[PDB]
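One file, final_15.pdb, is given below (PDB, C-alpha atoms).
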```pdb
ATOM      1  CA  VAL A   1       0.000   0.000   0.000  1.00  0.00           C
ATOM      2  CA  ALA A   2       0.934   3.674  -0.245  1.00  0.00           C
ATOM      3  CA  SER A   3      -0.338   7.176   0.476  1.00  0.00           C
ATOM      4  CA  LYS A   4      -2.934   8.854  -1.733  1.00  0.00           C
ATOM      5  CA  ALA A   5      -2.104  11.872  -3.886  1.00  0.00           C
ATOM      6  CA  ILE A   6      -4.841  12.898  -6.300  1.00  0.00           C
ATOM      7  CA  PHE A   7      -3.764  15.411  -8.931  1.00  0.00           C
ATOM      8  CA  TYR A   8      -6.630  17.428 -10.415  1.00  0.00           C
ATOM      9  CA  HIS A   9      -6.031  19.655 -13.435  1.00  0.00           C
ATOM     10  CA  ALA A  10      -7.803  20.744 -16.624  1.00  0.00           C
ATOM     11  CA  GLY A  11      -4.823  20.285 -18.929  1.00  0.00           C
ATOM     12  CA  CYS A  12      -3.865  23.937 -18.621  1.00  0.00           C
ATOM     13  CA  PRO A  13      -0.243  24.913 -19.499  1.00  0.00           C
ATOM     14  CA  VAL A  14       0.513  25.733 -15.863  1.00  0.00           C
ATOM     15  CA  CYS A  15      -0.965  22.372 -14.878  1.00  0.00           C
ATOM     16  CA  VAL A  16       1.268  20.551 -17.358  1.00  0.00           C
ATOM     17  CA  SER A  17       4.291  22.228 -15.776  1.00  0.00           C
ATOM     18  CA  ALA A  18       3.289  20.976 -12.323  1.00  0.00           C
ATOM     19  CA  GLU A  19       2.412  17.505 -13.617  1.00  0.00           C
ATOM     20  CA  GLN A  20       5.623  17.084 -15.612  1.00  0.00           C
ATOM     21  CA  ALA A  21       7.820  18.315 -12.770  1.00  0.00           C
ATOM     22  CA  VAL A  22       6.180  17.814  -9.376  1.00  0.00           C
ATOM     23  CA  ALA A  23       3.778  14.960 -10.157  1.00  0.00           C
ATOM     24  CA  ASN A  24       6.608  13.071 -11.867  1.00  0.00           C
ATOM     25  CA  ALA A  25       9.012  13.802  -9.013  1.00  0.00           C
ATOM     26  CA  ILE A  26       6.638  12.012  -6.667  1.00  0.00           C
ATOM     27  CA  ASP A  27       7.297   8.281  -6.480  1.00  0.00           C
ATOM     28  CA  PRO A  28       4.315   5.873  -6.633  1.00  0.00           C
ATOM     29  CA  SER A  29       6.107   3.915  -3.916  1.00  0.00           C
ATOM     30  CA  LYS A  30       5.251   6.430  -1.199  1.00  0.00           C
ATOM     31  CA  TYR A  31       2.448   8.315  -2.932  1.00  0.00           C
ATOM     32  CA  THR A  32      -0.009   6.940  -5.455  1.00  0.00           C
ATOM     33  CA  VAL A  33      -0.424   9.786  -7.943  1.00  0.00           C
ATOM     34  CA  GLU A  34      -3.992   9.744  -9.227  1.00  0.00           C
ATOM     35  CA  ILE A  35      -4.217  12.339 -11.983  1.00  0.00           C
ATOM     36  CA  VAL A  36      -7.732  13.495 -12.827  1.00  0.00           C
ATOM     37  CA  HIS A  37      -8.218  15.521 -15.999  1.00  0.00           C
ATOM     38  CA  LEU A  38     -10.985  18.097 -15.610  1.00  0.00           C
ATOM     39  CA  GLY A  39     -10.565  19.479 -19.116  1.00  0.00           C
ATOM     40  CA  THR A  40     -13.171  17.142 -20.567  1.00  0.00           C
ATOM     41  CA  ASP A  41     -15.214  15.481 -17.839  1.00  0.00           C
ATOM     42  CA  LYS A  42     -17.567  18.106 -16.417  1.00  0.00           C
ATOM     43  CA  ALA A  43     -19.142  15.599 -14.040  1.00  0.00           C
ATOM     44  CA  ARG A  44     -15.945  15.210 -12.022  1.00  0.00           C
ATOM     45  CA  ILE A  45     -16.089  18.951 -11.330  1.00  0.00           C
ATOM     46  CA  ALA A  46     -18.672  18.208  -8.635  1.00  0.00           C
ATOM     47  CA  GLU A  47     -16.156  15.759  -7.177  1.00  0.00           C
ATOM     48  CA  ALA A  48     -13.352  18.333  -7.238  1.00  0.00           C
ATOM     49  CA  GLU A  49     -15.438  20.786  -5.184  1.00  0.00           C
ATOM     50  CA  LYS A  50     -15.737  18.289  -2.348  1.00  0.00           C
ATOM     51  CA  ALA A  51     -12.200  16.946  -2.680  1.00  0.00           C
ATOM     52  CA  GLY A  52     -10.985  20.438  -1.866  1.00  0.00           C
ATOM     53  CA  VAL A  53      -9.977  21.361  -5.386  1.00  0.00           C
ATOM     54  CA  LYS A  54     -10.756  25.048  -5.728  1.00  0.00           C
ATOM     55  CA  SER A  55      -8.055  25.676  -8.320  1.00  0.00           C
ATOM     56  CA  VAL A  56      -5.939  23.757 -10.828  1.00  0.00           C
ATOM     57  CA  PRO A  57      -3.615  22.126 -10.680  1.00  0.00           C
ATOM     58  CA  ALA A  58      -4.332  20.735  -7.217  1.00  0.00           C
ATOM     59  CA  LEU A  59      -2.376  17.982  -5.492  1.00  0.00           C
ATOM     60  CA  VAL A  60      -4.704  16.333  -2.986  1.00  0.00           C
ATOM     61  CA  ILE A  61      -2.589  14.680  -0.297  1.00  0.00           C
ATOM     62  CA  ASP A  62      -4.541  13.106   2.584  1.00  0.00           C
ATOM     63  CA  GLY A  63      -7.481  15.257   1.547  1.00  0.00           C
ATOM     64  CA  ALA A  64      -5.449  18.459   1.512  1.00  0.00           C
ATOM     65  CA  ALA A  65      -5.433  19.897  -1.997  1.00  0.00           C
ATOM     66  CA  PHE A  66      -2.153  21.718  -2.547  1.00  0.00           C
ATOM     67  CA  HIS A  67      -2.803  24.079  -5.449  1.00  0.00           C
ATOM     68  CA  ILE A  68       0.621  24.147  -7.095  1.00  0.00           C
ATOM     69  CA  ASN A  69       1.028  27.211  -9.337  1.00  0.00           C
ATOM     70  CA  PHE A  70      -2.257  29.049  -9.764  1.00  0.00           C
ATOM     71  CA  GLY A  71      -3.200  28.688 -13.406  1.00  0.00           C
ATOM     72  CA  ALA A  72      -6.966  28.512 -13.222  1.00  0.00           C
ATOM     73  CA  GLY A  73      -9.512  28.245 -10.450  1.00  0.00           C
ATOM     74  CA  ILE A  74     -12.507  25.940 -10.236  1.00  0.00           C
ATOM     75  CA  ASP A  75     -14.575  29.092 -10.765  1.00  0.00           C
ATOM     76  CA  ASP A  76     -12.809  29.476 -14.110  1.00  0.00           C
ATOM     77  CA  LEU A  77     -14.167  26.064 -15.051  1.00  0.00           C
ATOM     78  CA  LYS A  78     -17.533  26.897 -13.524  1.00  0.00           C
ATOM     79  CA  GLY A  79     -19.375  28.797 -16.224  1.00  0.00           C
ATOM     80  CA  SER A  80     -23.030  28.065 -15.601  1.00  0.00           C
TER      81      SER A  80
ATOM     82  CA  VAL B   1      20.906  13.130  -9.991  1.00  0.00           C
ATOM     83  CA  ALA B   2      20.549  14.654  -6.539  1.00  0.00           C
ATOM     84  CA  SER B   3      19.751  18.285  -7.314  1.00  0.00           C
ATOM     85  CA  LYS B   4      18.289  20.342  -4.489  1.00  0.00           C
ATOM     86  CA  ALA B   5      14.732  21.551  -4.143  1.00  0.00           C
ATOM     87  CA  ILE B   6      14.710  24.980  -2.540  1.00  0.00           C
ATOM     88  CA  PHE B   7      11.736  25.449  -0.238  1.00  0.00           C
ATOM     89  CA  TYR B   8      11.074  29.026   0.826  1.00  0.00           C
ATOM     90  CA  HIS B   9       8.771  29.625   3.776  1.00  0.00           C
ATOM     91  CA  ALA B  10       7.972  32.324   6.331  1.00  0.00           C
ATOM     92  CA  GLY B  11       6.853  30.330   9.363  1.00  0.00           C
ATOM     93  CA  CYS B  12       3.212  30.685   8.314  1.00  0.00           C
ATOM     94  CA  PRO B  13       0.855  27.718   9.070  1.00  0.00           C
ATOM     95  CA  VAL B  14       0.790  26.815   5.362  1.00  0.00           C
ATOM     96  CA  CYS B  15       4.556  26.210   5.543  1.00  0.00           C
ATOM     97  CA  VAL B  16       4.035  23.342   7.965  1.00  0.00           C
ATOM     98  CA  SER B  17       1.387  21.635   5.840  1.00  0.00           C
ATOM     99  CA  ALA B  18       3.550  21.849   2.717  1.00  0.00           C
ATOM    100  CA  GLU B  19       6.619  20.689   4.633  1.00  0.00           C
ATOM    101  CA  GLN B  20       4.821  17.677   6.109  1.00  0.00           C
ATOM    102  CA  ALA B  21       3.261  16.355   2.912  1.00  0.00           C
ATOM    103  CA  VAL B  22       5.045  17.782  -0.130  1.00  0.00           C
ATOM    104  CA  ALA B  23       8.557  17.932   1.347  1.00  0.00           C
ATOM    105  CA  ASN B  24       8.296  14.254   2.318  1.00  0.00           C
ATOM    106  CA  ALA B  25       6.774  13.191  -0.993  1.00  0.00           C
ATOM    107  CA  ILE B  26       9.887  14.654  -2.558  1.00  0.00           C
ATOM    108  CA  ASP B  27      12.470  12.939  -0.378  1.00  0.00           C
ATOM    109  CA  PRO B  28      16.209  13.873  -0.478  1.00  0.00           C
ATOM    110  CA  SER B  29      17.032  10.500  -2.056  1.00  0.00           C
ATOM    111  CA  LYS B  30      15.584  12.006  -5.219  1.00  0.00           C
ATOM    112  CA  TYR B  31      15.879  15.733  -4.544  1.00  0.00           C
ATOM    113  CA  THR B  32      17.593  17.249  -1.512  1.00  0.00           C
ATOM    114  CA  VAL B  33      15.032  19.618  -0.003  1.00  0.00           C
ATOM    115  CA  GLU B  34      16.661  22.795   1.274  1.00  0.00           C
ATOM    116  CA  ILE B  35      14.491  24.567   3.846  1.00  0.00           C
ATOM    117  CA  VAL B  36      14.943  28.331   3.528  1.00  0.00           C
ATOM    118  CA  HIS B  37      13.246  30.411   6.211  1.00  0.00           C
ATOM    119  CA  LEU B  38      12.920  34.085   5.277  1.00  0.00           C
ATOM    120  CA  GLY B  39      11.871  34.691   8.862  1.00  0.00           C
ATOM    121  CA  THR B  40      15.472  34.094   9.863  1.00  0.00           C
ATOM    122  CA  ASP B  41      17.229  35.854   6.985  1.00  0.00           C
ATOM    123  CA  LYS B  42      15.425  38.893   5.596  1.00  0.00           C
ATOM    124  CA  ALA B  43      18.190  39.888   3.181  1.00  0.00           C
ATOM    125  CA  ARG B  44      17.372  36.701   1.279  1.00  0.00           C
ATOM    126  CA  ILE B  45      14.376  38.351  -0.393  1.00  0.00           C
ATOM    127  CA  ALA B  46      16.706  39.460  -3.193  1.00  0.00           C
ATOM    128  CA  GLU B  47      17.765  35.835  -3.638  1.00  0.00           C
ATOM    129  CA  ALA B  48      14.170  34.613  -3.734  1.00  0.00           C
ATOM    130  CA  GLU B  49      13.346  37.109  -6.493  1.00  0.00           C
ATOM    131  CA  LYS B  50      16.116  35.832  -8.760  1.00  0.00           C
ATOM    132  CA  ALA B  51      15.223  32.228  -7.941  1.00  0.00           C
ATOM    133  CA  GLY B  52      11.713  32.853  -9.223  1.00  0.00           C
ATOM    134  CA  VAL B  53      10.079  32.833  -5.815  1.00  0.00           C
ATOM    135  CA  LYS B  54       7.101  35.175  -5.993  1.00  0.00           C
ATOM    136  CA  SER B  55       5.601  33.794  -2.800  1.00  0.00           C
ATOM    137  CA  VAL B  56       6.597  31.779   0.262  1.00  0.00           C
ATOM    138  CA  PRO B  57       5.479  28.236   0.862  1.00  0.00           C
ATOM    139  CA  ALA B  58       6.937  27.361  -2.522  1.00  0.00           C
ATOM    140  CA  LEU B  59       9.716  25.089  -3.773  1.00  0.00           C
ATOM    141  CA  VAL B  60      12.278  25.547  -6.529  1.00  0.00           C
ATOM    142  CA  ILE B  61      13.031  22.288  -8.343  1.00  0.00           C
ATOM    143  CA  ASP B  62      16.140  22.327 -10.571  1.00  0.00           C
ATOM    144  CA  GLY B  63      15.485  26.024 -11.132  1.00  0.00           C
ATOM    145  CA  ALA B  64      11.736  25.938 -11.684  1.00  0.00           C
ATOM    146  CA  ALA B  65       9.815  27.581  -8.848  1.00  0.00           C
ATOM    147  CA  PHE B  66       6.505  26.000  -7.877  1.00  0.00           C
ATOM    148  CA  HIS B  67       4.220  27.790  -5.434  1.00  0.00           C
ATOM    149  CA  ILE B  68       2.518  25.389  -3.031  1.00  0.00           C
ATOM    150  CA  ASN B  69      -1.121  26.462  -2.659  1.00  0.00           C
ATOM    151  CA  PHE B  70       0.142  30.056  -2.781  1.00  0.00           C
ATOM    152  CA  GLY B  71       1.602  30.529   0.678  1.00  0.00           C
ATOM    153  CA  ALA B  72       2.311  34.221   1.118  1.00  0.00           C
ATOM    154  CA  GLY B  73       3.252  36.877  -1.412  1.00  0.00           C
ATOM    155  CA  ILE B  74       6.905  37.928  -1.302  1.00  0.00           C
ATOM    156  CA  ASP B  75       5.813  41.563  -1.539  1.00  0.00           C
ATOM    157  CA  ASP B  76       3.690  41.067   1.585  1.00  0.00           C
ATOM    158  CA  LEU B  77       6.891  40.736   3.594  1.00  0.00           C
ATOM    159  CA  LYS B  78       8.357  43.639   1.661  1.00  0.00           C
ATOM    160  CA  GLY B  79       7.642  47.351   1.555  1.00  0.00           C
ATOM    161  CA  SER B  80       9.058  49.571  -1.158  1.00  0.00           C
TER     162      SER B  80
END
```
Produce structure tokens that represent the structure in this file.
Amino acid sequence: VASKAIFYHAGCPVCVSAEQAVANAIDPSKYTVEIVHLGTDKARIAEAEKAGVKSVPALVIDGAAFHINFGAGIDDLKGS
Amino acid sequence: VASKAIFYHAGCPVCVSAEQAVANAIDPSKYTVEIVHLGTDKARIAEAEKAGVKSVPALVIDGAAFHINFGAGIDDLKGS
């Protein structure tokens, strides 16, 4: 087993930077990196709200969503 | 490699959270995390600027600065 690290992002440039660097620097041995793309699935947005994802990209560790490099917020994805 | 990750903080509560989770997810066996406290050395603001550190609780990996959940603005600790 390992710790849980859920990485939410919408595929934004800033998100790619965090994914490529930080999310790849994290080893699946200690932390299971679960990347969730919000740039297509609008149903998972409701999940992000409750996960603690208020911006992207967000690294949810133990429930705490660390928003690494503010590219877009969840409000920016929340049109109507 | 064993390049260092430069973590700038200011003693704020957010520093602790980032240090506990993120700074252990990126262990020194991969990247040596260097804890830089601007609360101790104030003349290091000029260094942070050139490093790319626009805000505290943030880490610089191989040169790329990533702000963890946006800790505190560097200009919040600075006047003019």
message: With 10 Å as the limit and counting only C-alpha atoms, what residues in chain B lie close to chain A? Please list them as a list in words.
response: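 So the contacting residues turn out to be residues 14, 17, 18, 21, 22, 24, 25, 26, 27, 30, 31, 58, 59, 61, 62, 64, 65, 66, 67, 68, 69, 70 and 71 of chain B.
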What are the coordinates of chain B as a PDB file with C-alpha atoms, in the coordinates of the input following a least-squares fit to chain A on all in-order C-alpha atoms?
```pdb
ATOM      1  CA  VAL B   1       1.424   3.507   3.116  1.00  0.00           C
ATOM      2  CA  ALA B   2       0.571   3.979  -0.547  1.00  0.00           C
ATOM      3  CA  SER B   3      -2.251   6.517  -0.421  1.00  0.00           C
ATOM      4  CA  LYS B   4      -3.077   8.299  -3.660  1.00  0.00           C
ATOM      5  CA  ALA B   5      -2.349  11.894  -4.543  1.00  0.00           C
ATOM      6  CA  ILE B   6      -5.175  13.279  -6.646  1.00  0.00           C
ATOM      7  CA  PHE B   7      -3.926  15.702  -9.279  1.00  0.00           C
ATOM      8  CA  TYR B   8      -6.612  17.798 -10.939  1.00  0.00           C
ATOM      9  CA  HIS B   9      -5.750  19.597 -14.163  1.00  0.00           C
ATOM     10  CA  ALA B  10      -7.481  21.154 -17.168  1.00  0.00           C
ATOM     11  CA  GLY B  11      -4.945  20.684 -19.956  1.00  0.00           C
ATOM     12  CA  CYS B  12      -3.554  24.173 -19.344  1.00  0.00           C
ATOM     13  CA  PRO B  13       0.240  24.683 -19.870  1.00  0.00           C
ATOM     14  CA  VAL B  14       0.740  24.913 -16.093  1.00  0.00           C
ATOM     15  CA  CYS B  15      -0.569  21.338 -15.800  1.00  0.00           C
ATOM     16  CA  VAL B  16       2.379  20.036 -17.794  1.00  0.00           C
ATOM     17  CA  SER B  17       4.978  21.862 -15.710  1.00  0.00           C
ATOM     18  CA  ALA B  18       3.466  20.599 -12.455  1.00  0.00           C
ATOM     19  CA  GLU B  19       3.127  17.082 -13.853  1.00  0.00           C
ATOM     20  CA  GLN B  20       6.746  16.970 -15.023  1.00  0.00           C
ATOM     21  CA  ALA B  21       8.387  18.212 -11.835  1.00  0.00           C
ATOM     22  CA  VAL B  22       6.016  17.838  -8.883  1.00  0.00           C
ATOM     23  CA  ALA B  23       4.287  14.631 -10.006  1.00  0.00           C
ATOM     24  CA  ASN B  24       7.686  12.955 -10.423  1.00  0.00           C
ATOM     25  CA  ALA B  25       9.074  14.305  -7.158  1.00  0.00           C
ATOM     26  CA  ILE B  26       6.144  12.559  -5.531  1.00  0.00           C
ATOM     27  CA  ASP B  27       6.548   9.157  -7.152  1.00  0.00           C
ATOM     28  CA  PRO B  28       3.893   6.381  -6.822  1.00  0.00           C
ATOM     29  CA  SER B  29       6.280   4.325  -4.671  1.00  0.00           C
ATOM     30  CA  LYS B  30       5.416   6.805  -1.938  1.00  0.00           C
ATOM     31  CA  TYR B  31       2.098   8.208  -3.142  1.00  0.00           C
ATOM     32  CA  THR B  32       0.199   6.952  -6.183  1.00  0.00           C
ATOM     33  CA  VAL B  33      -0.469  10.046  -8.287  1.00  0.00           C
ATOM     34  CA  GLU B  34      -3.915   9.936  -9.865  1.00  0.00           C
ATOM     35  CA  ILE B  35      -4.168  12.237 -12.883  1.00  0.00           C
ATOM     36  CA  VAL B  36      -7.680  13.683 -13.101  1.00  0.00           C
ATOM     37  CA  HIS B  37      -8.422  15.702 -16.227  1.00  0.00           C
ATOM     38  CA  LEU B  38     -11.527  17.878 -15.904  1.00  0.00           C
ATOM     39  CA  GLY B  39     -11.233  18.492 -19.627  1.00  0.00           C
ATOM     40  CA  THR B  40     -12.398  14.930 -20.158  1.00  0.00           C
ATOM     41  CA  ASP B  41     -15.031  14.711 -17.422  1.00  0.00           C
ATOM     42  CA  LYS B  42     -16.898  17.939 -16.703  1.00  0.00           C
ATOM     43  CA  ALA B  43     -19.324  16.410 -14.203  1.00  0.00           C
ATOM     44  CA  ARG B  44     -16.320  15.915 -11.928  1.00  0.00           C
ATOM     45  CA  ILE B  45     -16.421  19.561 -10.837  1.00  0.00           C
ATOM     46  CA  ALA B  46     -18.765  18.525  -8.021  1.00  0.00           C
ATOM     47  CA  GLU B  47     -16.180  15.962  -6.922  1.00  0.00           C
ATOM     48  CA  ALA B  48     -13.363  18.509  -7.001  1.00  0.00           C
ATOM     49  CA  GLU B  49     -15.357  20.853  -4.754  1.00  0.00           C
ATOM     50  CA  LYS B  50     -15.802  18.218  -2.051  1.00  0.00           C
ATOM     51  CA  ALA B  51     -12.170  17.149  -2.394  1.00  0.00           C
ATOM     52  CA  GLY B  52     -11.097  20.691  -1.582  1.00  0.00           C
ATOM     53  CA  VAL B  53      -9.988  21.542  -5.094  1.00  0.00           C
ATOM     54  CA  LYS B  54     -10.571  25.259  -5.576  1.00  0.00           C
ATOM     55  CA  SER B  55      -8.366  25.384  -8.654  1.00  0.00           C
ATOM     56  CA  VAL B  56      -6.848  23.070 -11.256  1.00  0.00           C
ATOM     57  CA  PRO B  57      -3.176  22.259 -11.416  1.00  0.00           C
ATOM     58  CA  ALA B  58      -3.421  21.132  -7.809  1.00  0.00           C
ATOM     59  CA  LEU B  59      -2.922  17.853  -5.952  1.00  0.00           C
ATOM     60  CA  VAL B  60      -4.811  16.300  -3.055  1.00  0.00           C
ATOM     61  CA  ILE B  61      -2.509  14.397  -0.697  1.00  0.00           C
ATOM     62  CA  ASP B  62      -4.259  12.087   1.799  1.00  0.00           C
ATOM     63  CA  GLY B  63      -7.190  14.498   1.719  1.00  0.00           C
ATOM     64  CA  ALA B  64      -5.322  17.791   1.898  1.00  0.00           C
ATOM     65  CA  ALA B  65      -5.562  19.772  -1.334  1.00  0.00           C
ATOM     66  CA  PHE B  66      -2.484  21.729  -2.379  1.00  0.00           C
ATOM     67  CA  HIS B  67      -2.706  24.159  -5.284  1.00  0.00           C
ATOM     68  CA  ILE B  68       0.415  24.103  -7.450  1.00  0.00           C
ATOM     69  CA  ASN B  69       1.304  27.701  -8.345  1.00  0.00           C
ATOM     70  CA  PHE B  70      -2.443  28.332  -8.649  1.00  0.00           C
ATOM     71  CA  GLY B  71      -3.276  26.732 -11.975  1.00  0.00           C
ATOM     72  CA  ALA B  72      -6.788  27.797 -12.902  1.00  0.00           C
ATOM     73  CA  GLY B  73      -9.768  28.653 -10.727  1.00  0.00           C
ATOM     74  CA  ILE B  74     -12.463  25.973 -10.629  1.00  0.00           C
ATOM     75  CA  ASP B  75     -15.099  28.680 -11.062  1.00  0.00           C
ATOM     76  CA  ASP B  76     -13.361  29.775 -14.271  1.00  0.00           C
ATOM     77  CA  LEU B  77     -14.475  26.522 -15.874  1.00  0.00           C
ATOM     78  CA  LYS B  78     -17.876  26.944 -14.271  1.00  0.00           C
ATOM     79  CA  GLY B  79     -20.752  29.340 -14.807  1.00  0.00           C
ATOM     80  CA  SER B  80     -23.603  29.608 -12.337  1.00  0.00           C
TER      81      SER B  80
END
```
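Nearest-residue note for residue A:75: choosing from A:45, A:12, A:51, A:36, the minimum distance belongs to A:45, counting all atoms listed in the file.
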- request: Could you check how far atom CA of residue B:10 sits from atom CA of residue B:78, in Å to one decimal?
  value: 12.2 Å
query: Interatomic distance between atom CA of residue B:33 and atom CA of residue A:48?
result: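 Atom CA of residue B:33 sits 29.3 Å away from atom CA of residue A:48.
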task: Could you tell me how far atom CA of residue B:15 lies from atom CA of residue A:19, in Å and to one decimal?
output: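 Computed distance, atom CA of residue B:15 to atom CA of residue A:19, equals 21.2 Å.
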Output the residue selection produced by the PyMOL selection byres ((chain B and resi 37) around 10) on the file above, formatted as a compact mmCIF listing (two decimals) with C-alpha atoms, in the coordinates of the input.
```txt
# COMPACT_ATOMS: atom_id res chain seq x y z
CA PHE B 7 11.74 25.45 -0.24
CA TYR B 8 11.07 29.03 0.83
CA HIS B 9 8.77 29.62 3.78
CA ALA B 10 7.97 32.32 6.33
CA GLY B 11 6.85 30.33 9.36
CA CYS B 15 4.56 26.21 5.54
CA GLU B 34 16.66 22.80 1.27
CA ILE B 35 14.49 24.57 3.85
CA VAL B 36 14.94 28.33 3.53
CA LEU B 38 12.92 34.08 5.28
CA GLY B 39 11.87 34.69 8.86
CA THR B 40 15.47 34.09 9.86
CA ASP B 41 17.23 35.85 6.98
CA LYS B 42 15.42 38.89 5.60
CA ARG B 44 17.37 36.70 1.28
CA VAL B 56 6.60 31.78 0.26
CA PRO B 57 5.48 28.24 0.86
```
- prompt: Which residue, B:13, B:4, B:79, B:74, has the smallest gap to residue B:47 when you use all atoms listed in the file?
  reply: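 Smallest distance to residue B:47 is found for B:74.
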Test item: axis-aligned box, all listed atoms of stretch 23-41 of chain B, 3 Å on each side, centre and edges in Å rounded to one decimal, as JSON:
```
{"center_x": 12.2, "center_y": 23.2, "center_z": 2.3, "size_x": 16.8, "size_y": 31.4, "size_z": 21.1}
```
